[PDB]
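Tertiary structure, described
Residues per chain, in single letters:
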Protein chains: 2
Amino acid sequence: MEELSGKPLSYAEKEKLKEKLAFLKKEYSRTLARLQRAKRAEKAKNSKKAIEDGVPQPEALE
Amino acid sequence: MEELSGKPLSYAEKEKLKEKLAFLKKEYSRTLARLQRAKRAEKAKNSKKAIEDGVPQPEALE
């Protein structure tokens, strides 16, 4: 994948390019949407709970 | 490509997401730009030509 400024893009190069633009576009809209619903709303920010769970030894270097 | 609801994205999930948005964004601008300069201008489509450039045999081996 070398950025070569010269020869025109071929048919197949245009195909992979237009589906590139549409792929990154459709995912951008969806994944940015959910990113905003996470960070802006803060509905499930993980408030300071009772840390007493089934927590094991993180490493235990003797 | 999974879809986990309830709790939001983690710190590292937000990191990979924001760099995702910025990655696809910067490339989109650049690669769409050159796509337009190719197709709209038509400065070089490689016009109608003779096959005499040392054309390879399609299946003339047998």
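Residues numbered from 1 in each chain as written, not as in the entry; some residues may be left out. Chains lettered and ligands numbered in written order. Heavy atoms only, no water.

Judging from the entry metadata, solution NMR is the method by which this structure was determined.

1. Comments concerning the overall build of chain A
Counting its regular elements, chain A contains one helix and zero strands. Compactness check: chain A gives a C-alpha radius of gyration of 23 Å against a globular reference of 11 Å for 62 residues, more than 25% above the reference. Structurally, chain A occupies a C-alpha span of about 65 × 40 × 15 Å along its principal axes. Burial analysis of chain A (62 residues in total) assigns 11% to the buried set. Total accessible area on chain A stands at roughly 5900 Å², and carbon and sulfur atoms take up 54% of it. Here chain A carries 16 positive and 11 negative side-chain charges, and the mean point of each set is 12 Å from the other. (Helix = DSSP H or I, 4+ residues; strand = E, 2+ residues; numbered from the N terminus. Rg over C-alpha atoms; globule rule 2.2 N^0.38 Å. Buried < 20%, exposed > 50% of the residue type's maximum accessible area, 1.4 Å probe, protein only. Areas by Shrake-Rupley, 256 points an atom, 1.4 Å probe, with all protein chains shown as cover. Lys, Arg positive; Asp, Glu negative; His and termini not counted. Charge placed at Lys NZ, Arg CZ, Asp CG, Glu CD.)

2. Observations regarding the packing of aromatic side chains
In this structure the tally under the stated criterion is zero aromatic pairs over all chains. One cation-aromatic arrangement involves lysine 14 of chain A over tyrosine 11 of chain A; the distance from NZ or CZ to the ring centre is 4.9 Å. (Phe/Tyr/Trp six-rings, centres within 6.5 Å; stacked < 30°, edge-to-face > 60°. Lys NZ or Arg CZ within 6 Å of the ring centre and 35° of its normal.)

3. Quick word on helix α1 (residues 11–39) of chain A
Helical geometry: 3.6 residues make up each α-helical turn, so side chains three or four residues apart lie on a common side. For α1 of chain A, which comprises 29 residues, the first-to-last C-alpha distance of 41 Å matches the rise-based estimate of 42 Å (1.5 Å per residue) to within 8%. All buried positions along α1 of chain A are accounted for by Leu17, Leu21, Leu24, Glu27, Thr31, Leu35 and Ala38 of chain A. Tucked inside the fold, the buried residues of α1 of chain A contact α1 (11–39) of chain B. (Expected span 1.5 Å × (residues − 1). Contact = heavy atoms within 4.5 Å.)

4. Some details on the interface of chain A and chain B
Across the contact, 21 residues belong to chain A and 24 residues belong to chain B. Note on chain A versus chain B: buried area summed over both sides is about 1900 Å², and carbon and sulfur give 66% of it. Our count for the chain A to chain B interface comes out at six salt bridges. A salt bridge links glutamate 3 of chain A to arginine 30 of chain B; the nearest nitrogen and oxygen atoms lie 3.0 Å apart. Linking chain A with chain B are nine residue pairs in polar contact. Taken together, the residues of the side of chain A that touches chain B break down into 11 nonpolar, two polar and eight charged. (Buried area = accessible area lost by both parts, 1.4 Å probe. Salt bridge = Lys/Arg side-chain N within 4 Å of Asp/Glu carboxyl O. Polar contact = N/O pair within 3.5 Å; in protein donor to acceptor, adjacent residues only side chain to side chain. Nonpolar A, V, L, I, M, F, W, Y, C, P; charged D, E, K, R; others polar.)

5. Some words on the UniProt feature "coiled-coil region" in chain A
Residues annotated in UniProt with the feature "coiled-coil region" correspond here to residues 9–48 of chain A. Between the C-alpha atoms that bound residues 9–48 of chain A there is a distance of 55 Å. The span itself is 72% helix and 0% strand. (UniProt positions renumbered as here; feature names shortened; annotations may be inferred.)

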